[PDB]
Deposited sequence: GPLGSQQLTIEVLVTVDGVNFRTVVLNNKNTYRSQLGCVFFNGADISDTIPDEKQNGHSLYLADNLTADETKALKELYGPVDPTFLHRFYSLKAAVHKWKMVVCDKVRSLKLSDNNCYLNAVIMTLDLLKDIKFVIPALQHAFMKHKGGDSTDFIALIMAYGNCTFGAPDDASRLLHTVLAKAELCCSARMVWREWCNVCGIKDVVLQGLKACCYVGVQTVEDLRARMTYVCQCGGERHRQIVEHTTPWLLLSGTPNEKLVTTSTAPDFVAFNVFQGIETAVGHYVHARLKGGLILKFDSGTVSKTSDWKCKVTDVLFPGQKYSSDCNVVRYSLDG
């Protein structure tokens, strides 16, 4: 007729809550998850007495603090969306392929395979957000469920919907940080406004959206200045541990040999499908969502391309 439950937001700190059987959990407490089940619209009964619940809204001040410290500044629906995802993707299998883990195709999740396999190549990145960092470590140790559900929640991904690998990869990488230093110095100039430098540091210096080759990235770019005249930009210095370049699907013929400068790339095939590729030992290792395959030549549409560390200084006075 009345029960006691433990309520948490972090799996560490629980508060005791007393409930009766005269309204639903949602009326008395909030949106609650009991071992992955949304029992919010249930009338509490004996079989939940003593059990631990995850709360997703109507937090105490102390819980709101732990939420922000653990997950970051998230929107109200976050915890709800995360709990749902965590449960929905529990059944996803991480298949071992050529000694590398890959995400088996289920529910249009092919884009997540490209994302996770690409992240696994990125040397020495950590996530600022503790919950995400713990999940990532847990993922590298063989349990990928929390990490998959977390990046899906932060990325506003919907279970079962097809999505874009480049989109999520950059959205996830926006929440990371490097162990070393990284620098990118853009030199900008206009004949009216004058000359200024724009520096990007750390993770913002390793990722770029809009070109897919280093030659195009390092090129003089011309656009319209805020004064309406002609403005120019050019990388004048670039030091990074790796470089991820992303563009729209680009039909290309990848061959070995000659040795490409890039160590991996992602491909789109067109709902659409995503394949992760690595260059290892003079071959292209195609990872098709739990599947491997090897070829020396591939005509594919590349999207993201991953390069090794950059050590670049211009030996040109780019302004003249």
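Peer 1: Spell out the unmodelled ranges of the deposited sequence for me, N- to C-terminal, numbering from the first residue.
Peer 2: Those stretches are 1 to 7, 278 to 281, 332 to 336, listed in order.
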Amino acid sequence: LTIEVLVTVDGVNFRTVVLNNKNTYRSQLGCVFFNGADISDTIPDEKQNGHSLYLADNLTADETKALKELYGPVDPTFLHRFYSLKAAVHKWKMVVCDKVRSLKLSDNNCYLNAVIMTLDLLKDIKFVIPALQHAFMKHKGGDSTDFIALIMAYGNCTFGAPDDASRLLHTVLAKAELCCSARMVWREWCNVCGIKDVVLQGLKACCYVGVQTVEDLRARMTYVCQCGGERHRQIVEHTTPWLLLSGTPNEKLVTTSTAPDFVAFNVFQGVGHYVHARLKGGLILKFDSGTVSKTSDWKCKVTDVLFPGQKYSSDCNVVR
From here on, numbers count along this sequence of modelled residues.
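Peer 1: Taking only the CA atoms, which stretch has the higher mean B-factor in the record, 33 to 41 or 58 to 66?
Peer 2: 58 to 66 has the higher mean C-alpha B-factor.
Peer 1: Comparing average C-alpha B factors as deposited, tell me which of 167 to 175 and 218 to 226 sits higher.
Peer 2: If you average the C-alpha B-factors of 167 to 175 and of 218 to 226, the larger mean comes out for 218 to 226.
Peer 1: Looking at 52, 28, 266, 255, which has the highest Cα B-factor in the entry?
Peer 2: So the option with the highest C-alpha B-factor is 255.
Peer 1: Going by the deposited entry, which of 75, 98, 197, 237 has the highest CA temperature factor?
Peer 2: Answer for 75, 98, 197, 237: 98, with the highest C-alpha B-factor.
Peer 1: Taking the values exactly as deposited, rank residue 92 by C-alpha B-factor within its chain and report the matching third: lowest, middle or highest.
Peer 2: Within its chain, residue 92 is a highest-third residue by C-alpha B-factor, going by the deposited values.
Peer 1: Using the B-factor values recorded in the entry, state whether the Cα atom of residue 276 falls in the lowest, middle or highest third among the modelled residues of its chain.
Peer 2: Middle third.
Peer 1: Relative to the other modelled residues in the chain, which third contains the C-alpha temperature factor of residue 134: lowest, middle or highest?
Peer 2: Its C-alpha B-factor, which the entry lists for residue 134, ranks in the highest third among residues of this chain.
Peer 1: Place residue 310 in the lowest, middle or highest third of its chain's C-alpha B-factors, as listed in the PDB entry.
Peer 2: Within its chain, residue 310 is a middle-third residue by C-alpha B-factor, going by the deposited values.
Peer 1: Relative to the other modelled residues in the chain, which third contains the C-alpha temperature factor of residue 231: lowest, middle or highest?
Peer 2: Highest third.
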